[PDB]
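*Asks:* for now just these chains, pulled out of the complex without moving them:
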Amino acid sequence: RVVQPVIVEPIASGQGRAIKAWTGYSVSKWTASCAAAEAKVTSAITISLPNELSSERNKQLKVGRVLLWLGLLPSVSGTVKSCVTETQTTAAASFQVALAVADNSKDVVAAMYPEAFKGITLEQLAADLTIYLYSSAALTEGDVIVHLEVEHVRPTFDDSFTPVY
Amino acid sequence: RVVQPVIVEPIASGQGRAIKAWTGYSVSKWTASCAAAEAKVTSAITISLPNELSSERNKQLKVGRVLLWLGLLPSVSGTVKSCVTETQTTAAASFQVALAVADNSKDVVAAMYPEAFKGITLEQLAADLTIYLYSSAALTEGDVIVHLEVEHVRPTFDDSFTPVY
Amino acid sequence: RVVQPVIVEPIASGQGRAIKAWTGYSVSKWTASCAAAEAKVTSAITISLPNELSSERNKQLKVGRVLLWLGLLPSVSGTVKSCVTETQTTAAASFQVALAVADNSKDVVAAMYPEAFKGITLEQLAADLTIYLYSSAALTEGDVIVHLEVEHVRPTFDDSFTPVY
């Protein structure tokens, strides 16, 4: 064909398109503060369901896609990587089988899991999966905040009040 | 007319009809554990927004109806009353102006506020209103759990993931 | 408008209307004999699936509504209350979070749980929930029989014999 002249419009941080939750689903977003760790050590961070999702009913809600990203202190300088995989017997090995990895040495430091955990229950998510965090430099407790956004079926138990009697 | 013979079907605890949230609204339900208190003393319990509703955006969500009920230890025997009103300079006075009062010496021990606080923001709810608890007998910390169910506009900030960039 | 004269036909014990199970569901009913307990003590009674429902396959059946009622010896006189909640670290605390309570000091000594456990598995019901029983007076082993009626998906595993090859 004939060459199509295009012009790439620049976008600022925060302007990326947001991914909408599927119909009937909602995205629960929570965090975890990293524990201290020595240089080049891969730490395992347990996935714990936030209180509102711990009820007997709620922890049965189906999962959709999962997003993981890192929030670092502005002074953090090493290489920081993180991922979500099934619990490993060797933490560092998680990066060898992870389908996506959040790496700070990239233009976009997030890891998306569109299929990997789709369908499991919130309870299973917390029980079967683990978050792994690696830093080339030593980490002080709190140097990194792990952000986990889990899309799941919207609970309906709170679409009405408790019966008065 | 002609007398209509009817028969009143008995219902068990938990069978009362549940009140559905208005369209676009959802009901957030949280609790508070009573503090120790001497006999016949009316204690003031602060209304604090649960974490997920504390974000700058969320605390701006409009309120609908509010429901208040008490959860008592099975051994509690005095008269226990509670209500939600604008913060008073004299705690006990709240019961003199409250529009509804949860009283354990009643068949239904709940207090519903269909109009009283409709329209205020969640932030205002926590800032302007206070929960008051009275017991004819002395109370040990935790003898009573206050249940507050606040209907409010359903937040939409979590209907999608955070933009990756 | 026009006043409608009405006659309230009285009904005897046993004449209450029965609640039909949702289609595709059936109701399993079993009991548990209370353990001896001192006055005002609230005891925890384990929920154990009857043999017919213990199999690997049947314990996967989804739960619908749950009904709880008490069978007391004619001589039992104190105040007897009971409920079903997620297992508590403190037995007495169950009554503070229960959404329904079977109280013998009422015309209907039963408690219904229409939404609380809807959707969990029969195995989860037995693993995550507990029945709590309180009496103002001391109880001797067997003074109270707890009746648990669990609505769940109709078991298909029992629509055939064990294969004879």
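*Replies:* Thanks, I have the structure now. Residues are numbered from 1 along each chain as shown, chains lettered A, B, ... in the order given.

*Asks:* going forward, measure contacts and count neighbours with C-alpha atoms only.
*Replies:* Noted.

*Asks:* which parts of chain A sit against chain B?
*Replies:* Residues of chain A that fall close to chain B, judged by C-alpha under 8 Å from any C-alpha of the partner chain: A:13-21, A:25-29, A:67, A:107-110, A:149, A:158-165.

*Asks:* let's go with 6 Å and repeat that
*Replies:* With C-alpha under 6 Å from any C-alpha of the partner chain as the criterion, chain A comes near chain B at residues A:13-14, A:16-21, A:26-27, A:108, A:158-163, A:165.

*Asks:* please pick the buried ones from these.
*Replies:* With burial judged by 16 or more other C-alpha atoms under 10 Å in any protein chain shown, the buried subset of the residues of chain A next to chain B is A:20-21, A:26-27, A:158-163, A:165.

*Asks:* closest to residue A:91 among those residues?
*Replies:* residue A:27 (27.1 Å; C-alpha to C-alpha).

*Asks:* element containing that closest one, please.
*Replies:* strand A:25-33 (DSSP states H and E).

*Asks:* can you give me the end-to-end distance of stretch A:84-103?
*Replies:* Terminal residues of stretch A:84-103 are spaced 13 Å apart (C-alpha to C-alpha, to the nearest Å).

*Asks:* what lies in contact with it?
*Replies:* Outside stretch A:84-103, the residues that touch it by C-alpha atoms under 6 Å, 6 or more residues apart in numbering or on different chains are A:42, A:81-83, A:109-111, A:128-131.

*Asks:* how about a cut-off of 10 Å?
*Replies:* Here stretch A:84-103 makes contact (C-alpha atoms under 10 Å, 6 or more residues apart in numbering or on different chains) with A:40-47, A:66-70, A:79-83, A:108-117, A:125, A:127-134, A:148.

*Asks:* chain D should join the structure above:
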Amino acid sequence: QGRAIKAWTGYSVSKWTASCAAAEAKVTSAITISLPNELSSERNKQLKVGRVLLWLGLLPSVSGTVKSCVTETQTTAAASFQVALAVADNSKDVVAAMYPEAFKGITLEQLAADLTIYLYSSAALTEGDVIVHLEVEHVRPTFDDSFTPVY
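*Replies:* Let me add chain D to what's already shown:
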């Protein structure tokens, strides 16, 4: 092939067990047929029976010949095997006894009242060495498609 016999429409199969009692070599013991709680209500005791299946679950180490059957209660336990319409024998390829016609039509109440299970072993038996499995097909309990009236 490896298929299970499906219950007739309107019927379902209740399966329960009984743990054998200790017994001396070559003795034939009588085991009572007791309806499980789920079928003990006066209403459920009236459900009509269809086909009945009896099989044995033995400890792997249990040796010797073990036989069992279901028949009308006998005056002499051992005589049951002479009139039984099927016998579960652990020395055969299929250690089960199927009764497709024998008790068809009686009520669960009659099944428990008129029939008895008999167990024989050429070797002495220790309590629990054999678990007797009884699967009774009967019409679905209508009474159990609803909750008990709260009042």
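
*Asks:* what about the contacts of stretch A:84-103 again, now that chain D is present?
*Replies:* A:40-47, A:66-70, A:79-83, A:108-117, A:125, A:127-134, A:148.

*Asks:* neighbours of residue A:115, how many?
*Replies:* By the criterion of other C-alpha atoms under 10 Å in any protein chain shown, residue A:115 has 12 neighbours.

*Asks:* now do the phi/psi pair for the nearest residue to it once chain neighbours are set aside.
*Replies:* In this structure, residue A:115 finds its nearest non-sequential neighbour in residue A:65, 6.5 Å apart by C-alpha to C-alpha, 6 or more residues apart in numbering or on different chains. Per-residue torsions, residue A:65: phi -100, psi 160 (degrees, to the nearest 10).

*Asks:* ok, residue A:65 touching residue A:122?
*Replies:* No - applying C-alpha atoms under 10 Å, one finds residue A:65 not in contact with residue A:122, separated by 11.8 Å.

*Asks:* overlap of the contact sets of those two?
*Replies:* A:150-152.

*Asks:* picking that back up, does chain C sit close to the strand holding residue A:27?
*Replies:* No - Strand A:25-33 lies apart from chain C when judged by C-alpha under 10 Å from any C-alpha of the partner chain; the minimum separation is 17.1 Å.

*Asks:* neighbouring strands - and their directions - for that strand?
*Replies:* Strand pairing for strand A:25-33, determined by DSSP bridges: strand A:144-153 (antiparallel).

*Asks:* with neighbour numbers in mind, choose between residue A:65 and residue A:122.
*Replies:* Higher neighbour count among residue A:65 and residue A:122: residue A:122, with 25 against 20, using other C-alpha under 10 Å.

*Asks:* chain E should go on the structure too:
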Amino acid sequence: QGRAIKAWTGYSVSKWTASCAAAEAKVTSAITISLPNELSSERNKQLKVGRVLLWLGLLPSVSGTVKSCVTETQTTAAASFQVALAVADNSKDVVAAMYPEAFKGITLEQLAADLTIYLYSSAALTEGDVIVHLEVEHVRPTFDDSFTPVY
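*Replies:* Below, chain E sits with the chains from the block before:
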């Protein structure tokens, strides 16, 4: 005739093995059910189970009675044979155990977590004397009809 049971449409059969551990005469050993790598992803662990088949592959010279079964994990290994819904016995014409209904519907994850394989031999066993074969029918892995995203 000599035909294989075909998997239900939408389902496929995964077949894997386990080598028995050494064991003394008449001892019942417990063998863990571990999903093969091909089915270990969190997604594949959720595939629903259909029918299950268990059979034994023994050295030709292995003598004595060898029995095996699949049941919910037991407190007492030997007790498994008393409740097993099928037993693979090398002293029978067909040394296999088919479970067409027992575990239908659970996920592969539950199969590996809730069930256990039990193996008994009247004679002592040397590590590897018996190869246990487990064939599990489950829904086809959707996740495996495409490559992993390169990015």
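
*Asks:* once more on the neighbour count of residue A:115, with chain E this time?
*Replies:* The local packing count at residue A:115 equals 15, with neighbours defined by other C-alpha under 10 Å.

*Asks:* okay, buried residues for stretch A:56-73 please.
*Replies:* A:56-70.

*Asks:* for the strand holding residue A:27, buried residues please.
*Replies:* For strand A:25-33, burial by neighbour count (16+ other C-alpha under 10 Å) applies to A:25-29, A:31-32.

*Asks:* of those residues, which is the nearest to chain D?
*Replies:* residue A:25 (33.1 Å; C-alpha to the nearest C-alpha).

*Asks:* contacts only, for the closest one.
*Replies:* When contacts are counted by C-alpha under 10 Å, 6+ apart, residue A:25 touches A:61-64, A:151-155, B:158-160.

*Asks:* distance of the residue nearest the centre of chain A relative to chain D?
*Replies:* Per C-alpha atoms, centre = their mean, the C-alpha nearest to the average position across chain A is that of residue A:68, at 2.4 Å. Separation of residue A:68 from chain D (C-alpha to the nearest C-alpha, to the nearest Å) stands at 47 Å.

*Asks:* ok, that residue touching residue A:149?
*Replies:* Yes - if you go by C-alpha under 10 Å, residue A:68 and residue A:149 touch, sitting 6.3 Å apart.

*Asks:* up against chain E, what does chain A have?
*Replies:* By the rule C-alpha under 10 Å from any C-alpha, the part of chain A lying against chain E is A:85-86, A:99-101, A:115-120, A:124-125, A:128-129.

*Asks:* buried ones among these?
*Replies:* Buried by 16+ other C-alpha under 10 Å: A:85-86, A:99-101, A:116-120, A:124-125, A:128-129, out of the residues of chain A next to chain E.
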